[PDB]
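Visitor: Input my_file27.tsv, format and content: TSV, C-alpha atoms and all ligand atoms.
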chain	number	residue	atom	x	y	z
A	5	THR	CA	2.73	-2.12	71.30
A	6	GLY	CA	1.50	0.58	68.87
A	7	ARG	CA	2.55	-0.96	65.46
A	8	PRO	CA	2.19	1.22	62.25
A	9	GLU	CA	-0.36	-1.13	60.65
A	10	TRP	CA	-2.85	-1.07	63.57
A	11	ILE	CA	-4.93	1.71	62.08
A	12	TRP	CA	-5.49	-0.47	59.00
A	13	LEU	CA	-6.40	-3.35	61.34
A	14	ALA	CA	-8.93	-1.14	63.20
A	15	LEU	CA	-10.45	-0.08	59.91
A	16	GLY	CA	-10.72	-3.67	58.65
A	17	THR	CA	-12.43	-4.69	61.93
A	18	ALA	CA	-14.85	-1.79	61.62
A	19	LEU	CA	-15.76	-2.53	57.98
A	20	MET	CA	-16.13	-6.29	58.49
A	21	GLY	CA	-18.21	-5.86	61.64
A	22	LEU	CA	-20.58	-3.31	60.14
A	23	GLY	CA	-20.86	-5.32	56.90
A	24	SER	CA	-21.62	-8.55	58.76
A	25	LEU	CA	-24.31	-6.89	60.91
A	26	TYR	CA	-26.14	-5.36	58.01
A	27	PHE	CA	-26.05	-8.74	56.25
A	28	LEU	CA	-27.37	-10.46	59.39
A	29	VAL	CA	-30.08	-7.79	59.85
A	30	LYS	CA	-31.14	-8.11	56.15
A	31	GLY	CA	-30.83	-11.93	56.27
A	32	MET	CA	-33.22	-12.42	59.22
A	33	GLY	CA	-36.03	-10.47	57.61
A	34	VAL	CA	-36.04	-12.46	54.35
A	35	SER	CA	-38.31	-15.54	54.30
A	36	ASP	CA	-37.35	-17.24	51.04
A	37	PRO	CA	-35.38	-20.40	51.97
A	38	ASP	CA	-32.86	-20.11	49.14
A	39	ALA	CA	-32.24	-16.44	49.84
A	40	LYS	CA	-31.64	-17.63	53.44
A	41	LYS	CA	-28.91	-20.03	52.22
A	42	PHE	CA	-26.99	-17.15	50.59
A	43	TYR	CA	-27.56	-14.67	53.43
A	44	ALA	CA	-26.17	-17.03	56.11
A	45	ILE	CA	-23.04	-17.85	54.11
A	46	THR	CA	-22.39	-14.17	53.16
A	47	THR	CA	-22.88	-12.86	56.68
A	48	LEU	CA	-20.61	-15.56	58.16
A	49	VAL	CA	-17.74	-14.56	55.82
A	50	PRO	CA	-17.18	-10.98	57.14
A	51	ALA	CA	-18.07	-12.17	60.67
A	52	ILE	CA	-15.06	-14.57	60.64
A	53	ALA	CA	-12.90	-11.75	59.13
A	54	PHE	CA	-14.03	-9.34	61.84
A	55	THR	CA	-13.05	-11.64	64.70
A	56	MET	CA	-9.60	-12.16	63.10
A	57	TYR	CA	-8.95	-8.44	62.37
A	58	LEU	CA	-10.01	-7.83	65.94
A	59	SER	CA	-7.56	-10.44	67.38
A	60	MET	CA	-4.76	-8.98	65.18
A	61	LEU	CA	-5.69	-5.49	66.21
A	62	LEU	CA	-5.36	-6.82	69.85
A	63	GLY	CA	-1.95	-8.38	69.37
A	64	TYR	CA	-2.76	-11.94	68.34
A	65	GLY	CA	-2.09	-13.77	65.06
A	66	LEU	CA	1.43	-12.39	64.70
A	67	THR	CA	4.69	-14.28	64.74
A	68	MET	CA	8.39	-13.46	64.07
A	69	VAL	CA	9.73	-15.81	61.45
A	70	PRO	CA	13.50	-15.85	60.79
A	71	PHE	CA	14.77	-15.60	57.20
A	72	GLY	CA	16.92	-13.25	55.08
A	73	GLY	CA	19.00	-12.47	58.17
A	74	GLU	CA	15.89	-10.93	59.85
A	75	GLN	CA	13.17	-11.53	62.41
A	76	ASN	CA	10.20	-11.18	60.10
A	77	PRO	CA	6.72	-10.18	61.31
A	78	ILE	CA	4.24	-12.66	59.82
A	79	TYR	CA	0.50	-12.21	60.51
A	80	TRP	CA	-0.62	-15.81	60.55
A	81	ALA	CA	-4.08	-14.99	61.86
A	82	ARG	CA	-4.75	-14.02	58.26
A	83	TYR	CA	-4.69	-17.63	57.00
A	84	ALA	CA	-7.00	-18.71	59.91
A	85	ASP	CA	-9.54	-16.23	58.44
A	86	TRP	CA	-9.01	-17.20	54.73
A	87	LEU	CA	-9.02	-20.94	55.51
A	88	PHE	CA	-12.83	-20.60	56.09
A	89	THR	CA	-13.76	-17.39	54.26
A	90	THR	CA	-12.29	-18.27	50.87
A	91	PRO	CA	-14.16	-21.61	50.54
A	92	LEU	CA	-17.40	-19.97	51.76
A	93	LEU	CA	-17.14	-17.31	48.93
A	94	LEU	CA	-16.55	-20.17	46.46
A	95	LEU	CA	-19.62	-21.96	47.89
A	96	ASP	CA	-21.73	-18.79	47.25
A	97	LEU	CA	-20.60	-18.73	43.57
A	98	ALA	CA	-21.30	-22.47	43.21
A	99	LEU	CA	-24.81	-22.29	44.66
A	100	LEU	CA	-25.48	-19.46	42.28
A	101	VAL	CA	-24.80	-21.43	39.04
A	102	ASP	CA	-25.94	-24.78	40.45
A	103	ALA	CA	-22.45	-26.23	40.32
A	104	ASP	CA	-22.19	-30.05	40.83
A	105	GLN	CA	-21.02	-31.58	44.12
A	106	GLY	CA	-17.78	-32.89	42.63
A	107	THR	CA	-16.93	-29.41	41.37
A	108	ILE	CA	-17.56	-27.84	44.79
A	109	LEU	CA	-15.58	-30.55	46.52
A	110	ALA	CA	-12.69	-30.11	44.10
A	111	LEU	CA	-12.87	-26.23	44.42
A	112	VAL	CA	-12.96	-26.36	48.26
A	113	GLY	CA	-10.11	-28.92	48.18
A	114	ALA	CA	-7.88	-26.71	45.91
A	115	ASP	CA	-8.66	-23.79	48.24
A	116	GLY	CA	-7.50	-25.80	51.30
A	117	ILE	CA	-4.17	-26.48	49.45
A	118	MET	CA	-3.80	-22.74	48.54
A	119	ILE	CA	-4.21	-21.48	52.13
A	120	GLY	CA	-2.35	-24.41	53.60
A	121	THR	CA	0.75	-24.12	51.43
A	122	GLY	CA	0.51	-20.32	51.68
A	123	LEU	CA	0.83	-20.45	55.51
A	124	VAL	CA	3.58	-23.07	55.35
A	125	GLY	CA	5.34	-20.64	52.99
A	126	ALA	CA	4.76	-17.61	55.23
A	127	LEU	CA	6.25	-19.80	58.09
A	128	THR	CA	9.22	-21.30	56.22
A	129	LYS	CA	12.70	-20.30	57.41
A	130	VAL	CA	14.78	-21.03	54.33
A	131	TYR	CA	14.16	-17.91	52.26
A	132	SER	CA	14.03	-19.45	48.77
A	133	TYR	CA	11.74	-22.31	49.97
A	134	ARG	CA	9.21	-19.68	51.03
A	135	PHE	CA	8.77	-19.07	47.29
A	136	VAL	CA	8.47	-22.78	46.50
A	137	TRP	CA	5.37	-23.02	48.78
A	138	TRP	CA	4.14	-19.64	47.48
A	139	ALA	CA	4.45	-21.03	43.89
A	140	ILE	CA	2.28	-24.08	44.74
A	141	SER	CA	-0.37	-21.99	46.56
A	142	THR	CA	-0.62	-19.76	43.46
A	143	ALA	CA	-0.99	-22.77	41.11
A	144	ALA	CA	-3.88	-23.85	43.36
A	145	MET	CA	-5.44	-20.38	42.99
A	146	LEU	CA	-4.99	-20.38	39.24
A	147	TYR	CA	-6.84	-23.79	39.24
A	148	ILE	CA	-9.76	-22.28	41.20
A	149	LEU	CA	-9.93	-19.17	38.93
A	150	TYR	CA	-9.76	-21.35	35.79
A	151	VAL	CA	-12.72	-23.34	37.13
A	152	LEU	CA	-14.67	-20.10	38.08
A	153	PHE	CA	-14.01	-18.64	34.57
A	154	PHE	CA	-14.30	-21.66	32.35
A	155	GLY	CA	-16.55	-24.00	34.35
A	156	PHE	CA	-19.08	-21.88	36.30
A	157	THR	CA	-19.62	-19.17	33.69
A	158	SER	CA	-20.65	-22.01	31.37
A	159	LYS	CA	-23.16	-23.34	33.97
A	160	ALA	CA	-24.51	-19.90	34.72
A	161	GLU	CA	-25.83	-20.29	31.13
A	162	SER	CA	-28.54	-22.69	32.18
A	163	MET	CA	-29.62	-19.92	34.55
A	164	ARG	CA	-31.63	-16.84	33.74
A	165	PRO	CA	-29.73	-13.69	32.63
A	166	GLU	CA	-30.43	-11.90	35.90
A	167	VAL	CA	-28.65	-14.82	37.61
A	168	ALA	CA	-26.01	-15.22	34.89
A	169	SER	CA	-25.35	-11.46	34.93
A	170	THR	CA	-25.03	-11.38	38.79
A	171	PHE	CA	-22.60	-14.31	38.64
A	172	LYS	CA	-20.39	-12.68	35.99
A	173	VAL	CA	-20.03	-9.54	38.15
A	174	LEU	CA	-19.12	-11.59	41.30
A	175	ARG	CA	-16.83	-13.80	39.17
A	176	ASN	CA	-15.17	-10.65	37.80
A	177	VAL	CA	-14.69	-9.04	41.21
A	178	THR	CA	-13.29	-12.41	42.46
A	179	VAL	CA	-10.80	-12.91	39.59
A	180	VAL	CA	-9.56	-9.37	39.90
A	181	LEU	CA	-9.23	-9.36	43.75
A	182	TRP	CA	-7.86	-12.89	44.30
A	183	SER	CA	-5.31	-12.34	41.51
A	184	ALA	CA	-3.88	-9.57	43.67
A	185	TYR	CA	-3.21	-11.54	46.83
A	186	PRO	CA	-0.17	-13.50	45.55
A	187	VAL	CA	1.51	-10.37	44.21
A	188	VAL	CA	0.99	-8.59	47.62
A	189	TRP	CA	2.49	-11.57	49.39
A	190	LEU	CA	5.47	-11.69	47.00
A	191	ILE	CA	6.64	-8.05	47.26
A	192	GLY	CA	5.52	-7.66	50.89
A	193	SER	CA	6.48	-8.98	54.34
A	194	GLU	CA	6.21	-12.74	53.60
A	195	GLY	CA	8.17	-12.30	50.38
A	196	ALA	CA	10.67	-9.80	49.01
A	197	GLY	CA	10.06	-7.38	51.88
A	198	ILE	CA	9.80	-4.56	49.34
A	199	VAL	CA	6.45	-3.15	50.55
A	200	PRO	CA	6.45	-2.49	54.32
A	201	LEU	CA	3.97	-4.21	56.67
A	202	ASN	CA	1.89	-1.03	57.29
A	203	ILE	CA	1.34	-0.48	53.55
A	204	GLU	CA	1.06	-4.23	53.10
A	205	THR	CA	-1.69	-4.36	55.76
A	206	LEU	CA	-3.53	-1.55	53.97
A	207	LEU	CA	-3.55	-3.50	50.62
A	208	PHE	CA	-4.76	-6.65	52.33
A	209	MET	CA	-7.53	-4.74	54.17
A	210	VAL	CA	-8.72	-3.20	50.88
A	211	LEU	CA	-8.68	-6.55	49.10
A	212	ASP	CA	-10.38	-8.38	52.01
A	213	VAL	CA	-13.14	-5.81	52.54
A	214	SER	CA	-13.78	-5.59	48.76
A	215	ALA	CA	-13.81	-9.38	48.37
A	216	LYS	CA	-16.18	-9.95	51.35
A	217	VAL	CA	-18.44	-6.90	51.96
A	218	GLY	CA	-18.04	-5.65	48.39
A	219	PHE	CA	-18.90	-9.12	47.13
A	220	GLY	CA	-21.70	-9.56	49.76
A	221	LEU	CA	-23.44	-6.25	48.84
A	222	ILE	CA	-23.42	-7.16	45.17
A	223	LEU	CA	-24.74	-10.64	45.87
A	224	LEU	CA	-27.42	-9.84	48.51
A	225	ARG	CA	-28.88	-6.84	46.79
A	226	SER	CA	-29.57	-9.11	43.81
A	227	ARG	CA	-32.70	-11.04	42.87
A	228	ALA	CA	-30.64	-14.07	41.77
A	229	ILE	CA	-30.55	-15.33	45.40
A	230	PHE	CA	-34.24	-16.17	45.31
A	231	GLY	CA	-35.49	-19.73	45.01
B	1	LIG	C1	-11.71	-12.68	52.06
B	1	LIG	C2	-10.49	-13.18	51.52
B	1	LIG	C3	-10.24	-13.50	50.21
B	1	LIG	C4	-11.17	-13.41	49.03
B	1	LIG	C5	-8.90	-13.98	50.13
B	1	LIG	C6	-8.31	-14.40	49.02
B	1	LIG	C7	-6.97	-14.85	49.28
B	1	LIG	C8	-6.24	-15.33	48.25
B	1	LIG	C9	-6.71	-15.45	46.82
B	1	LIG	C10	-4.92	-15.72	48.68
B	1	LIG	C11	-3.92	-16.24	47.92
B	1	LIG	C12	-2.55	-16.61	48.28
B	1	LIG	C13	-1.79	-17.11	47.21
B	1	LIG	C14	-2.15	-17.35	45.75
B	1	LIG	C15	-0.31	-17.53	47.46
B	1	LIG	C16	0.36	-16.94	48.72
B	1	LIG	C17	-0.49	-16.86	49.92
B	1	LIG	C18	-1.96	-16.44	49.74
B	1	LIG	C19	-2.75	-17.33	50.76
B	1	LIG	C20	-1.93	-14.95	50.22
Show me, as structure tokens, the structure contained in the file I just sent.

Guide:
Amino acid sequence: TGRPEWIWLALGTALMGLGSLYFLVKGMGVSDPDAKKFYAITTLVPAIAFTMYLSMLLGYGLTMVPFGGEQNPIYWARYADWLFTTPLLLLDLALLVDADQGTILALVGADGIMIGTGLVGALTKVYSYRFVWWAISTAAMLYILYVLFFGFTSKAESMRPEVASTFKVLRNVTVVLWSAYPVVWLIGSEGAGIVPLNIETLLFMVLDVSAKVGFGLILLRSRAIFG
């Protein structure tokens, strides 16, 4: 098939795989129960991403959606990855600041809406309606980020500075990275079709790897994970 974006797909597979392994290797040596909690969640995240980059590298997770007078190439495997990796990353942040169950439930629930409406949008055939779903998915994301910035940060204040300072770094990387996804979608293949798929795949790989392995490295090399 030889598509232009495959090299970016091979590179995402490689980074996710390696990252996952190292997390698994480091996770199975630790004995602290709480540290175990965090290690298992954080290793699972790039492990799911790896299997999906792999499938996409191999020709799966792609569909031609008609709109704008074109047969548009939409990588839906992406949302199958994010459906489970985005709430797991949220879970990691919540366990860190001892968020309440209702908060977690409501954050995981807003995240299901975001990915769900996002995919519906990336699958929608009436061009302008693609942006209506996109708009709702983004409002869901702004809800989640509001909660991470205003709620959590506040709770990380009952924690010790080492823990509060690790959370603020992960919160910052998360707000910066997640903010970028909706803009990539908008000017890329699912949206305006301004940025081509190969470049678009590159941006998504950089955001995904940063948000999973980048995030994981920061979290797991910290002392805040300990019970
Ligand atoms: C490992 C993956 C991460 C941290 C993915 C984050 C993905 C997002 C924040 C995605 C957001 C989207 C929107 C706000 C609207 C349009 C569609 C999405 C799903 C790309």

Visitor: Which residues are close to residue 130 (chain A), i.e. within 10 Å by only C-alpha atoms, leaving aside same-chain residues fewer than 3 positions away? Reply as a list in words.

Guide: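 The residues satisfying every condition are residues 70, 71, 72, 125, 127, 133, 134 and 135 of chain A.
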
Visitor: With 7 Å as the cut-off and all atoms listed in the file counted, what is the closest atom pair between each nearby residue of region 38-147 of chain A and region 185-204 of chain A? Distances in Å to one decimal, ordered by chain and number, as JSON lines.

Guide:
{"residue": "A:78", "atom": "CA", "partner": "A:194", "partner_atom": "CA", "distance": 6.5}
{"residue": "A:126", "atom": "CA", "partner": "A:194", "partner_atom": "CA", "distance": 5.3}
{"residue": "A:142", "atom": "CA", "partner": "A:186", "partner_atom": "CA", "distance": 6.6}

Visitor: Could you check which of A:32, A:224, A:213, A:152 is closest to residue 18 (chain A), using all atoms listed in the file?

Guide: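 With all atoms listed in the file as the atom set, the closest residue is A:213.
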
Visitor: Could you report the residues within 8 Å of ligand LIG 1 (chain B), using all atoms listed in the file, as a ChimeraX atom specification?

Guide: /A:49-50,53,83,85-86,89-90,93,118-123,125-126,137-146,178,181-186,188-190,211-213,215-216

Visitor: What is the distance, in Å and to one decimal place, between CA of residue 36 (chain A) and CA of residue 163 (chain A)?

Guide: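 CA of residue 36 (chain A) sits 18.4 Å away from CA of residue 163 (chain A).
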
Visitor: Can you pull out the residues contacting residue 29 (chain A)? Cut-off 12 Å, using all atoms listed in the file, and skip same-chain residues under 2 positions away; I want them as a list in words.

Guide: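 Residues meeting the cut-off are residues 22, 23, 24, 25, 26, 27, 31, 32, 33, 34, 40, 43, 44, 47 and 224 of chain A.
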
Visitor: Nearest to residue 79 (chain A) among A:111, A:160, A:117, A:60, with distances taken over only C-alpha atoms: which residue is it?

Guide: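 Looking at the shortest contact to residue 79 (chain A), the residue is A:60.
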
Visitor: What does the structure give for the distance between CA of residue 21 (chain A) and CA of residue 217 (chain A), in Å to one decimal?

Guide: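 Answer for the CA of residue 21 (chain A) to CA of residue 217 (chain A) separation: 9.7 Å.
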
Visitor: Taking into account all atoms listed in the file, which residue in the set A:68, A:218, A:63, A:176 is nearest to residue 7 (chain A)?

Guide: A:63

Visitor: Suppose you want the space between CA of residue 13 (chain A) and CA of residue 66 (chain A); what is it in Å?

Guide: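 Distance between the two atoms: 12.4 Å.
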
Visitor: Restricting the calculation to all atoms listed in the file, which member of A:179, A:69, A:94, A:56 is positioned closest to residue 149 (chain A)?

Guide: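 Result for the nearest residue to residue 149 (chain A): A:179.
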
Visitor: Extending 4 Å beyond the listed atoms of region 70-80 of chain A on each side, what axis-aligned box results? I want centre and edge lengths in Å to one decimal, as AutoDock Vina command-line options.

Guide:
--center_x 9.2 --center_y -13.0 --center_z 58.7 --size_x 27.6 --size_y 13.7 --size_z 15.3

Visitor: Contacts of residue 166 (chain A) at 9 Å or less, counting only C-alpha atoms, minus same-chain residues fewer than 5 places along, as a list in words?

Guide: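 Those residues are residues 171, 226, 227 and 228 of chain A.
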
Visitor: Store the residues picked out above, limited to C-alpha atoms, as a PDB file, in the coordinates of the input.

Guide:
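Below you can see result-v2.pdb, which holds the result:
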ATOM      1  CA  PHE A 171     -22.600 -14.310  38.640  1.00  0.00           C
ATOM      2  CA  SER A 226     -29.570  -9.110  43.810  1.00  0.00           C
ATOM      3  CA  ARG A 227     -32.700 -11.040  42.870  1.00  0.00           C
ATOM      4  CA  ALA A 228     -30.640 -14.070  41.770  1.00  0.00           C
TER       5      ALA A 228
END
